[PDB]
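Trainee: Got a structure here, written out as C-alpha cells. Questions coming.
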Amino acid sequence: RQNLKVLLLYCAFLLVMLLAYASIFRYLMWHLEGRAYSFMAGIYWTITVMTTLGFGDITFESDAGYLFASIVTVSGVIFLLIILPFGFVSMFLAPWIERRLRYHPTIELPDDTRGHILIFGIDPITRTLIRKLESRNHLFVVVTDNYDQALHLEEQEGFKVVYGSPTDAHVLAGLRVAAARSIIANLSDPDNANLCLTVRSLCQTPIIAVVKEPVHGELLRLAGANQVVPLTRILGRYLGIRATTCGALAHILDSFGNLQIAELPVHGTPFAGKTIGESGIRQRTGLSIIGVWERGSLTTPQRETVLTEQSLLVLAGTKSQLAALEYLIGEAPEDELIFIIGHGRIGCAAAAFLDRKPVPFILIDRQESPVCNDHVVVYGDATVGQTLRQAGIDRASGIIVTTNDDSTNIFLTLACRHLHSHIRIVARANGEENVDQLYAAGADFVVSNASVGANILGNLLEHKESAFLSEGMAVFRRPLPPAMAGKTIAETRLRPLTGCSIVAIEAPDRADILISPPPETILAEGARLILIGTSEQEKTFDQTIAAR
Amino acid sequence: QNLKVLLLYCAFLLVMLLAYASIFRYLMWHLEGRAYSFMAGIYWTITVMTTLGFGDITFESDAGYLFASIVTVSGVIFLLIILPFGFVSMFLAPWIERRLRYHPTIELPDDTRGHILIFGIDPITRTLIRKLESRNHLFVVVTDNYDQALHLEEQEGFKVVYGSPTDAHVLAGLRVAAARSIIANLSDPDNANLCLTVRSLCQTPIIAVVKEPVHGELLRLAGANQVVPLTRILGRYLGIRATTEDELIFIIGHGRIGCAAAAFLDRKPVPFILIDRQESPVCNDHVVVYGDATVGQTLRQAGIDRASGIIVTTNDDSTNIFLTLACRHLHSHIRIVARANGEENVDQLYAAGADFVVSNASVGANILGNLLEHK
Amino acid sequence: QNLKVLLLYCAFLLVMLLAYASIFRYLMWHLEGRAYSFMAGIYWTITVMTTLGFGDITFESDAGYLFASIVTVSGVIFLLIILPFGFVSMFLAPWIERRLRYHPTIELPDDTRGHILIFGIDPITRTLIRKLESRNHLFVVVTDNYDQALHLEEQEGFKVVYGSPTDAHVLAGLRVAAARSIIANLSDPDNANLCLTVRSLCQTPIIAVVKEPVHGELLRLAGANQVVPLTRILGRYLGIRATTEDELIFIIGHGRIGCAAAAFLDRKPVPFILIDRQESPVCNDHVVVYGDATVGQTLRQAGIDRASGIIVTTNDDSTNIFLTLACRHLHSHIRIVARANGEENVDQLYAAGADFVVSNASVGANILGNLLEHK
Amino acid sequence: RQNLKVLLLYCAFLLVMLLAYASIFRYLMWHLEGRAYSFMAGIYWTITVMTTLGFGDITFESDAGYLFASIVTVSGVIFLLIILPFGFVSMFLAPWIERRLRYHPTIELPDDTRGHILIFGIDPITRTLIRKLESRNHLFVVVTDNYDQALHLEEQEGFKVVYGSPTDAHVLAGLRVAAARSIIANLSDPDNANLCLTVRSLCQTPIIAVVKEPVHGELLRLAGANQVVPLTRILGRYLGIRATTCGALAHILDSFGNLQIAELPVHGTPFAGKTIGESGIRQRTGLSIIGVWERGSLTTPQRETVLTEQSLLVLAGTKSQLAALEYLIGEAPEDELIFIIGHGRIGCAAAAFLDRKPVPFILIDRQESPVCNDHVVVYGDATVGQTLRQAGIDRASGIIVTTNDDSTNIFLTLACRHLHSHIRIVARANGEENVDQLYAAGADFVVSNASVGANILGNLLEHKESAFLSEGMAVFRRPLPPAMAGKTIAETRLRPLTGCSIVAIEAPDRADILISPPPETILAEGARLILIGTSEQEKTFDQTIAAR
Ligand SMILES: [Ca+2]
Ligand SMILES: [Ca+2]
Ligand SMILES: [Ca+2]
Ligand SMILES: [Ca+2]
Ligand SMILES: [K+]
Ligand SMILES: [K+]
Ligand SMILES: [K+]
Ligand SMILES: [K+]
Ligand SMILES: [K+]
Ligand SMILES: [K+]
Ligand SMILES: [Zn+2]
Ligand SMILES: [Zn+2]
Ligand SMILES: [Zn+2]
Ligand SMILES: [Zn+2]
C-alpha cells in the first residue's frame, strides 16, 4: 500500500515529465531552429536524452537548444538515474532486509480495522485457539508489552502482532477496540481486571476473560468481562473424573432446577466395549445422549455406536434420571487411593474435585504451593528414586500426573506404567504436541491443555451471537405435544409464540437425537424435545402451546 | 552536518563543470581552431560527464581525445559514483543505520544552553516532560543503561544521552554550566555523587528528589538547591484522604509511601493496620501484618470488617485496581483511597471504587514543574 | 537456489537479445528498406540496451522510433535494474543478511539421507563431531535454544537446526526416517519424549546418553536401541585410577560422577571422604563433608594428611587444575586423579600434578564413536 | 589492507583490459577495414565504448567489427558498471555499516604480531593501566570469553579486543603469546592458574598475575607466573595505614635483613605543615628519604619541600633507624577505635592489617563474608538509620569506608563527615572518576583502586627488564668509600667489578637524594650510596672496593 503508491505516483510524475519535455522540444525545434518534428520524434528524442542513450541523430544547434538539452539531460540523471533505481530498490529491497534485520514494532492498528478478535496474553491455549479459528480466517490480533516476544510472534504468524501496554487506554484506542468483534483477556487476574475496566472505559465490546483463581470469577464480571472461564479449575475437574477407577458421573450444569447436563467416562464401566443401542442407556433411565466425545471431537450419538473405554458421554435429564446411571455402573471399588503428582493450580483443582466426591488421594510436589493453604502435600522430588514408593505408590488405584512440563509428565507416565501395568494413569499435556507421547508412555487418558482451552474459547467465540443469551438462562426438555404431530417447526411457529428455540429433537423410541434441527423439520409423535430459552420463557411456553 | 557535506560536494561539481566547459572551449580553439559559444562548452561538458554522448561535438586531435577521455572518467567518478552515493548515503543511512543499530548520543553540542537535565527517568519525570514540553523546553534525559537509552531514543520528545551521570567528563559534555536546571532523580547516594560532581563544574540549580526524607539535609549539603521528599509527600496525601470513634484504617502496602502514610496517621493518632508480604528493608519502627492480601481470607482474618478506611498502596496499579475492586465489592460504604503510579490507571481505580485516587506521576510532575518555572 | 534464479534470468536476457536483434532486422527491412546482417542486429540491440548509443545505425520512421524507444527502456529495466540487482542480491546478501541477523534453519531438504542427528550439544558430542567428521559424515545438531543455534551456526563443520526435538513435525522435517543414527543426549525425560516420538515416525537407531543409570531400562523402553550411562562410567574410570592397609581416598566433588566414583569405591570396599559445598539434589545414600575446598584449612580439617588418594571431580576444569595444583604442592607422593570436562584442559591437569587425567569429552566421543561405526 | 589490495588489484586488471582492447581495436581497424588509428585513438575509443559514452565518431562497419564492439561494450557493463561501482561501495560502505550493525568478533591475531601486552580480565584497574601506558603506544590487546563484553570494548578502544577462551591453548596460539612482551593474568585464581599452566605450555613469556586471595600467591608462581600481585590485600593495607589517627610507620620490604624500605603518612604528625629540611628527618635518624608521594605522583625529596597532611613519605634504613621515627611522631592516642564499613576482600584485608599492629576496630556489613571465618562482623545495613550509632560511631577515632560502590561510599563519607567533623575518614574509590567526590564529601584521604593498581602493574611492566632481577634480590646502603671521592660512576667502573648497580646517591649533609644517577656522575665525599644487586653481589662488593 503505502510503498507501492509512492512508487507509481512517482511514475505518473515521470510520464508527465516525459510528455512535457517531448512537447517543449518540438516547440523549440520549431521556434528556435525551424524544424517541425512529429510527436513521436519528441517522445523518442526525450527518451533518448534522459535515459542517456544519446543517439545524436536529432540534436540542436542554437545555444538555447543546448541549454534545454543540458536540462533534459540532467533531469534524466536525477529522476531516471537516481530516484527510479532508488525507488525500485527501496520499495522492494527494504522489506526483505530492514524488517528481518531489525524490528519496526507495530504499535497501532489502521483506522478502518473492524471485526477483529483481540488476543491478550499468548500461551499454548490461545496459540491453539488461533491455529484452529483461522480456518474461518478471522483477523486475530495478539498484543504484548514484551518487546522480545513481539519479535518471535511477528516472524511466525498467522496473526498480526501489536507491541504495547494492554492497560494503557491510548494503546487500546489504537487497537480500535470499539470496532472489535471480541476480546480475549488471558492475563493475570489483576491485569485482566485492569484490562476490562479500561476497555469498558472506551467501548462495550465483549470480553472473554480466562481467570486463574476461580474465586476471582465474580470480580472479573465486575471489571466488565461478559463471560469468565476458570480454565485451571476445569482441567483439574477433567483429571479427577478421568482418574476415578470406574467411570463416575460428572455434573456439568444446573439449569434452574429442572434439568441436569452431565458427563460420564465410559472406562471400566459395563457400557465400555458395548454400544449405545446395545447398552440402551436412554431406555433404562430416560436420559438424553446429547453427544459423545471420543477423539477430540463432538459427534451425534448413533445406535450402532460402540463406546470405547476412552469415550466420554454427555447427558441431559432430571435429578432422578441421572441417579439411575450411578447404579448402572455402578459399584465403587474398595481401597481407592489416587496419587496426584503435581500441585499446580490444576493438580490442586483436581484434588479439590476428588474432595467434592470423597476419594482419598496423595498430593506430591517439590515446594509448597504459593496459593493453597488447605491441601496437605507430601514434599519430595518424584523423579529422584524411592520417593513415590516411600509414599506407597503400591496401594494406589490411580496416578494423576500433573507437571507443567510435558517431558517430565511423559517420563513419569513412562516410569509408573513400567512399575504398574494395570493402574489407571491420567496425564496432562500442556502443549498438544506431546499428547501422543503420553499415551505412548502409557497414559490411559490424556488431558491436553491447549486443546481443551481452545475448544471452550472457540465455542464461546462463535456462539457469541447467543452465548450471553445462553448465559443467565435455563435449558429444559419437553415431551412434544401430540397436537404438533406431523407439523413443521416453522409451520408450528413456536418461537414467535413462546420465544423458545429448538436445539434438539430426539426419537420417541431411540437413543438417537437430531441436534440443531433446520426450520423445515417435520415433527413426529412421541419425539422428545429439548429447548433453550429464558427461565421465564420456559414458563410462558406452556401457554403458547395451550393457546395454539 | 550530512547536508553540508552534500552541497559542498555540489559546489565542487559545479566548479568542475565551469572549469571543464572552459578548458574545452580553449582546446577547441587552440587545438583545432573551433570557436565554441560558452553554452556549447557547458552543453558539451554536461553531455560528456553525464555519459549521454550525442557525438555532435567531438574532437579530432589526439590531444582532444585525451581531454575528452579525462572529462569522461571524471563524469563516471563524480556523477556516477559519488553523487549517487552521496544522495543515497545522506538520505538512506538515517532511516536504516539508526533504526537498525544504536549510535548512542554520548555528548551535547558546544553551543547548547537553556536545557533541563533529567537524571533518572520514571513515571514522574516522564510526566513532567510531557507536561512542560508544552512550552518547548529542551528536555535532555541521561542514563548509564544502554538498553534504556534505546527505548527513550525511539520514543521521544526529549533527546537522550548515554553515560555515567557521576563521571565529570560526561557532565562536561552535557554543558551543565550553561544548563537552566538539573533534576536529580536517582538513588540518594547517586544523587549525592551527582550534586558534588555538578558543584565541581558549575553552580547550576539542582532539584533533587530524595527517597528517604532524613537524607534531605544531606543532599542540600551535596549542593542541591532544593530537595523534594516525594515518597513522604504522597504518603501524606494518602493519610489525609483516608480520614477525610471506632476509627481503623487498613494500609495495604508497606512501601516508602504506605510507610509514610502510616507515619502520617501516627502524627495525628489514628489506629491502622499495615499489611504486606515481606518485611520492609527500610523500616524497623512499623509493626506489619504479614500475608498475601490477594490470596483469600487474609484481609478478613485481620478484620477488614471493623475498618473505617482502606488505603490501597501497592507499586502495581493492576493490583491496586484489583484490590479496590475487591474491597468495594466487599464493603460499599467505606472510604477507599488508592494510589496510581502510572496516571494511565487513575480512571480505573475510580471505576473500581476508589473514593479518591492519588496519581504519583501527576503529583510529582506538578511539584517539579512548579519548582521549575518558579525557579 | 540463488544461482539458478540468476542464470535463469540470463537465459531470459539472451532470449530478449536474440528476439530484439531479429525484430530490428525485420523492421529495418519492412519499414525503411535496409537489409542488415544478423550480427548488425545483435550489435545494434546490444548497443541500444546497454545504452552505449553509437548512433551509426538509427531508424527514421516514427515506427522505428517506437521500437527503438522500447528496446531502450527494456535495457534500462533489465540490464540497468535487475541484472545489477541480481548480481548484487545473490552475492552481497549472503555475506551481510546472514551475519547481520539469523535466518534460523528450521527444516532439512527432501532428499537428505545418511545423516547423524545430534540432540543435545555439549563437550562430548562436540568432540564426537570433530572426531567423526574425519569420515565426513553429515552431522546435524538440533536445539530449541535460539541463541545457541546462533553460536553453532557461525562456527561449524556441522549444520544446525532450530526447533523442539520433541515436536513430531520438527522431526519430520529432519527426515529422521532416512537417518543413519540418532544421538539422544538430553535430559532423561526429554530423551524419553524424544524416543517415543521418533519411534512414532520411524525405527531409526537411537543411542541415548542416560544421566541416571537407573533410567537405563526406561529409555530402551522409550525405544532407544542402545543406552550409555556416561556419568556412571566416568566415575568408574576415576575410582579405578585412584586405587590404581591404611587406604583412604578423598573425592572432591559430589556430582553424578564423584558420586558414581564413590559408589564404585563402595563396590570394592575402600573407605573415602566425599567433599562438596552443597548437598547433592540426587543422592540421599552418600554422606558428604560439607565445606568449600578452595577456602583454607577445609581439606586439612577433614585430614587430607592420612589420605592415600585424592580424586578431584569438579565440573570446572580451572578449579580442578587449581586443586590438583594445590594438592600436589601439599603432598608430592600421593595418587591424584583429576577429571577434565573440556579436553583442552587435560594437559594442564597433568602439568599441575595429576597422576592420571580422565577427559570427559574424549571418553564420551570414543564410546559413541565406536557405537556409531560398529552400528 | 585486505580490502584496499583487492581494489587496486582489480584496477590493474581494468587497465590491462584497457590497453589490451585499445590495441585489439587498432589491429582490427587495420586488418578488418583498413584504418590506421593512432594509439591514443585506441584508448579514446576503448574508453568511450566501455564507459558507455559512445560518441559514434569512430565506429566499425564489418560484422566482425560489430562483434568486437559488442564484446567491448558488455565488458564495460560487467567491469565498469557492476564490479567497479560495487568494489568502490563494498570496500568503503561495508566497514561503516557491517561492523557497527553486527559484530564480526576478532578471533585471532596476525602472524607477524610481536611486542604486544596481553590483558586477561578487564576491570577498572586494567582499563586504567591501559589508558596510562598507551602514552608510550604499546600494543594492548584484551581478551574475553564474553561476547557481549567484546562488543563494548570494541566500539570504545584504544586497544584491540579478542573474543575467546583464555584457557583454550588454540586460542592462545592465535594470540601469538610466544612473541608477546608480557601477559597480565587478572582473572579468578583458578582461571589464572589455568591461564598460566597453558601459557607455560606454549612459551615462557612473562606473566604478571593479579591474585585475589594472597594465600594463593605461591600457587600461581607455581602455575608459572613470573610475578604475583595481591592487589586486594595491598589496598587494605593502604586503608589501615591511612586510618591510624597519628601517621604510623608502615613496613614495605625486608631486603635480607640489612635494610628496611618503609613509608609514613605525615597526617597528624609533627612533620605535617613542616617541611623536609625543617623537620630534618634524615639528620635525627639517619634515614633515607627515597621519595615523597603527594598527589598521585612519585617525586624526589627537596629540603624546601613542605609535607602536607595528605603526604606519604617513603623510607630506607636499618631496623634501628626506622625505630627512631616511631618516637619522633610519636605517641599513640588513647581510646582508639576504627570503624571499617565494608567487609570485602579489602575491608577484611584492612582489618587484618589493623590486627597486625593491634588497633581495635568494628567490621560492619550486610551479609557474612563468603571468604572469611576469622573476622567477627557486626551485621546490619549502614545506609538505614541508627545502624552506625547503635554500634557506637560516637566513640570511634576513625571510619574506613570500603564499599564496592563509589556512590555509596560517597554517601557514607558524606553522612559521617556531617555527623562528625573532626574524625579521620578514609574512603576507597573503585573507579577513579569518583575520587574527587569522596574528598568533596569529606574523606581525609582517598585510596583509588584503579590508580594504585595501574601504578603497580605499570611499574612492573616497564621495569620488566630487571623486575625479575629485582625479585629474589636484596637492596642495601653503603657509605661511599673515600677512595672514590671525586671519581665518576663510570670512571670507578663499579658494575664490571662488583656486579652491583647504583640507583641513588645522596649528599653527605642533606636530606636531598639523586635517584637513578647517569653514568657520567662525579661522586662526592661523604655521599651515601644505596645500590641494588644480588644477595651475593652485596657480598663480593666489599672486595672489589678493596681490590680497586
Ligand atoms: Ca512429543
Ligand atoms: Ca489503565
Ligand atoms: Ca587449557
Ligand atoms: Ca564522580
Ligand atoms: K552518438
Ligand atoms: K554523422
Ligand atoms: K551514450
Ligand atoms: K551515445
Ligand atoms: K550512457
Ligand atoms: K548507471
Ligand atoms: Zn491445593
Ligand atoms: Zn514503616
Ligand atoms: Zn552420592
Ligand atoms: Zn575478614
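Chain labels A, B, ... are given in the sequence in which chains occur in the C-alpha cells; within each chain residues are numbered consecutively from 1, and ligands are likewise numbered from 1 in the order shown.
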What residues have any atom no more than 12 Å from ligand 12 when counting only C-alpha atoms and all ligand atoms, and can you list them as a ChimeraX atom specification?
Mentor: /B:212,232,235,251-266,272-276,279-289
Trainee: Give me, as a Markdown table, the closest atom pair and its distance (Å, one decimal) for every residue of chain A within a cut-off of 6 Å of chain B, counting only C-alpha atoms, rows sorted by chain and rising number.
Mentor:
```
| residue | atom | partner | partner_atom | distance |
| --- | --- | --- | --- | --- |
| A:52 | CA | B:52 | CA | 4.4 |
| A:53 | CA | B:52 | CA | 6.0 |
| A:54 | CA | B:54 | CA | 5.0 |
| A:55 | CA | B:54 | CA | 5.9 |
| A:56 | CA | B:54 | CA | 4.1 |
| A:63 | CA | B:39 | CA | 5.7 |
| A:66 | CA | B:43 | CA | 5.6 |
| A:70 | CA | B:43 | CA | 5.5 |
| A:102 | CA | B:100 | CA | 5.3 |
| A:168 | CA | B:344 | CA | 5.8 |
| A:190 | CA | B:318 | CA | 4.9 |
| A:191 | CA | B:318 | CA | 5.2 |
| A:194 | CA | B:318 | CA | 5.3 |
| A:197 | CA | B:348 | CA | 5.8 |
```
Trainee: Which residues are close to residue 172 in chain D, i.e. within 12 Å by only C-alpha atoms, leaving aside same-chain residues fewer than 5 positions away? Reply as an MDAnalysis selection string.
Mentor: (chainID C and resid 344) or (chainID D and resid 107:109 118:120 143:144 162:167 177:180 183 195:203 205)
Trainee: Report as number ranges by chain all protein, DNA and RNA residues lying within 8 Å of range 441-449 of chain A, evaluated on only C-alpha atoms, omitting residues in the same chain fewer than 3 positions from it.
Mentor: A: 124-125, 235, 238-239, 242, 310, 410-411, 413-414, 417, 424-432, 435, 437-438, 452-453; C: 196, 222
Trainee: Quick one: residues within 12 Å of residue 67 in chain C, only C-alpha atoms counted, chain neighbours fewer than 2 positions away excluded, as a PDB file with C-alpha atoms, in the first residue's frame?
Mentor:
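Done, and the output landed in part-v6.pdb:
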```pdb
ATOM      1  CA  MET A  40       6.717  10.516 -31.656  1.00  0.00           C
ATOM      2  CA  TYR A  44      11.788   9.359 -28.951  1.00  0.00           C
TER       3      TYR A  44
ATOM      4  CA  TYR C  20      15.060  -7.867 -30.483  1.00  0.00           C
ATOM      5  CA  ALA C  21      18.021  -8.303 -32.858  1.00  0.00           C
ATOM      6  CA  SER C  22      15.623 -10.018 -35.240  1.00  0.00           C
ATOM      7  CA  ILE C  23      12.646  -7.730 -34.758  1.00  0.00           C
ATOM      8  CA  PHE C  24      15.082  -4.950 -35.599  1.00  0.00           C
ATOM      9  CA  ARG C  25      16.382  -6.580 -38.754  1.00  0.00           C
ATOM     10  CA  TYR C  26      12.765  -7.164 -39.717  1.00  0.00           C
ATOM     11  CA  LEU C  27      11.711  -3.558 -39.172  1.00  0.00           C
ATOM     12  CA  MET C  28      14.740  -2.098 -40.947  1.00  0.00           C
ATOM     13  CA  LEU C  31       9.896  -0.227 -42.508  1.00  0.00           C
ATOM     14  CA  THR C  45      20.425  -4.393 -29.928  1.00  0.00           C
ATOM     15  CA  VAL C  48      20.835   0.214 -27.531  1.00  0.00           C
ATOM     16  CA  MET C  49      20.022  -1.753 -24.363  1.00  0.00           C
ATOM     17  CA  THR C  58      19.391   4.566 -36.373  1.00  0.00           C
ATOM     18  CA  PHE C  59      15.831   4.449 -37.645  1.00  0.00           C
ATOM     19  CA  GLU C  60      13.961   7.302 -39.367  1.00  0.00           C
ATOM     20  CA  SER C  61      10.284   6.351 -39.411  1.00  0.00           C
ATOM     21  CA  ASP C  62       8.175   7.087 -36.335  1.00  0.00           C
ATOM     22  CA  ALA C  63       7.593   3.334 -36.138  1.00  0.00           C
ATOM     23  CA  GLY C  64      11.309   2.727 -35.927  1.00  0.00           C
ATOM     24  CA  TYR C  65      11.403   5.412 -33.250  1.00  0.00           C
ATOM     25  CA  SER C  69      12.326   3.670 -27.544  1.00  0.00           C
ATOM     26  CA  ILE C  70      11.039   0.257 -26.439  1.00  0.00           C
ATOM     27  CA  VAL C  71      14.361  -1.536 -26.774  1.00  0.00           C
ATOM     28  CA  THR C  72      15.962   1.387 -24.953  1.00  0.00           C
ATOM     29  CA  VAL C  73      13.720   1.097 -21.858  1.00  0.00           C
ATOM     30  CA  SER C  74      13.980  -2.705 -21.881  1.00  0.00           C
TER      31      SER C  74
END
```
